[PDB]
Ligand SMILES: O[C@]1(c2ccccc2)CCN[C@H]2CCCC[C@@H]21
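Heads up, the chain below is alone and in the form solved without this ligand; it's given as structure tokens.
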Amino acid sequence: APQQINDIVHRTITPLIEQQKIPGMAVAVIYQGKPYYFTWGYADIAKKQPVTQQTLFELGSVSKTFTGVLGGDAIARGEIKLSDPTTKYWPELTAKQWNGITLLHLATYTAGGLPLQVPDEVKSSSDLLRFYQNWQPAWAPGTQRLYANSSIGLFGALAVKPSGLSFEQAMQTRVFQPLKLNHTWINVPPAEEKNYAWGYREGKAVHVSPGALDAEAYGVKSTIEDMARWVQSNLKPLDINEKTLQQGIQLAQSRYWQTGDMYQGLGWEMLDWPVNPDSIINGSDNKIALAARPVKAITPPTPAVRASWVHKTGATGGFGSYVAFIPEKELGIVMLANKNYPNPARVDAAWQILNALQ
């Protein structure tokens, strides 16, 4: 890499790893469209396996960006509309509180208080139906945002129903394959296990547990190379040859709702660039990010704004991920770690790197 990118990344990430006791980390910077890669530490402490550019990390909720783009692609295919009622795709959802709750509300966490987590107790398809039928909204639809797996997870499951494909097959064929993300997985195959890092939580090696709507809300694993490619694809969707995918990526960066200075996309979240770094840094802390906040509808949604900081944090029990990019500057970053360390530290490091390069 150019020495500037080298120095800027190492000066930022080295102290981060030290302060946060991160066992292993991979970083990609996309600069003028090209990726530059950096790795540190251990994918597996016990077996002394280093982090490489081929190490798989759990993306946790950065998976929501793939779900949002897959949904956008389904809209572009004419398979679903965000204006469709949820019941159009799940007619068994007959309880009256669902009247007026559309796919847009599910995709954007604005259905009226669907919870962060699907209860552990919910396994089966019928457990799931039961859960949503019994769920009681605290708020009218389209009035409050509450970040929630049970919201965007259901959006992803419903979005692929007209295709007839499983969520995983739709994701593989319509997003991973066309983008050449050939080392990105909802279920890690046995052949790729050698590359699957352990996560570390309180010093114990852990991997994400199965759960309902896991694939759709937080279940993607990927490498630093495929994630750089994901960022490049979202930075420059016009280079993408598959028309509906290009369009889906654009739709996922449309601005649907505003709360404070952030705008809710499909999976992606966006702020105007130049950002106030305290705003994105403090904003990423779960004290704010997981809070219930009133929203203003953007009527109609603003199409993808090039001058945006577009980003998403993700975590599982053992992993902490972050992706951010600025379309107008052809600039982006991916930070993958196998410890779930605090969000504000991620965003601070990212902003320090990108601000120094823009």
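The term rigid core refers to the most C-alpha atoms you can superpose between the two forms while keeping them within 1.5 Å. Residues that one form lacks are left out of the comparison. Counting begins at 1, following the sequence as shown.
Absent from the display: the form deposited with this ligand bound. The rest refers to it.
Trainee: Consider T184 of the chain shown here, and say whether it contacts this ligand in the deposited bound form, taking contact as heavy atoms within 4.5 Å.
Mentor: No - in the deposited bound form, heavy atoms of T184 and this ligand never come within 4.5 Å of each other.
Trainee: Answer with yes or no whether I30 is in contact with this ligand in the deposited bound form, where contact means some heavy atom within 4.5 Å.
Mentor: Yes, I30 is a contact residue.
Trainee: Considering non-hydrogen atoms and a 4.5 Å limit, does this ligand approach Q232 in the deposited bound form?
Mentor: Because a heavy atom of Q232 falls inside 4.5 Å of this ligand in the deposited bound form, the answer is yes.
Trainee: Using 4.5 Å between non-hydrogen atoms, is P35 touching this ligand in the deposited bound form?
Mentor: Yes, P35 lies within 4.5 Å of this ligand in the deposited bound form.
Trainee: Which parts of the chain move between the shown form and the other one, counting only runs of three or more residues whose C-alpha shifts are all 2 Å or more after core fitting?
Mentor: Moving stretch: 288-290 alone.
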